[PDB]
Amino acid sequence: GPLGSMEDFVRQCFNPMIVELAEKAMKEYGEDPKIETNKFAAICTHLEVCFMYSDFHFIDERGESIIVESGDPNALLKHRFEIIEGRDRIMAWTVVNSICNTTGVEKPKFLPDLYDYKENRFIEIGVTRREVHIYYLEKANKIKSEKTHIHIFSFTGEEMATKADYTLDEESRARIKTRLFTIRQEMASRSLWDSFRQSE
């Protein structure tokens, strides 16, 4: 039917915290969310995936990996992931250096998205409107010598991850995929999707 505004969609369908972090990210790099609107939506989408990836995952009081969906994360539990994406450059490198100097893991060349304290590795999260294998390769090309694990989601439910190691259980990955499908369906109802797919 009528064509919506991608700005309206972003502000309506993403949490304000996410929108704000994305606006700040874009300003930091000199890009205007009112102009690069498809990019704004992609940035919000990727941030949300990063948050959803780490949601509910802890390392227990005996120090192994568990899921707690209660809003009461009893205080002896360690969050399983450190989130790097969404931080400004200075803070992001501060966090990365701290992890590296601590855990002994090697320092990445570019900022990754997450650190996994269970698997003891950085993770790069991809979100793509294209074939996952193509985007996997591109990401890998920048990471090169790689201790950094890559995990790619598409909007159609396909995934590709380093060494066929998917890190998370099926239910967690299913939440992310359901959210991506919902984003695509909603863009489509506002006639925003075609343009957004093509602009990656």
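One rule holds for the numbers: they count along the sequence shown, beginning at 1.
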| query | finding |
| --- | --- |
| Stretch with the greater mean C-alpha B-factor as recorded in the entry, comparing 92-100 against 67-75 | 67-75 |
| 121-129 versus 101-109 - which carries the larger mean C-alpha B factor in the record | 101-109 |
| Peak C-alpha temperature factor (PDB record), options 40, 53, 29, 166 | 29 |
| Out of 175, 46, 144, 151, highest CA B-factor residue | 144 |
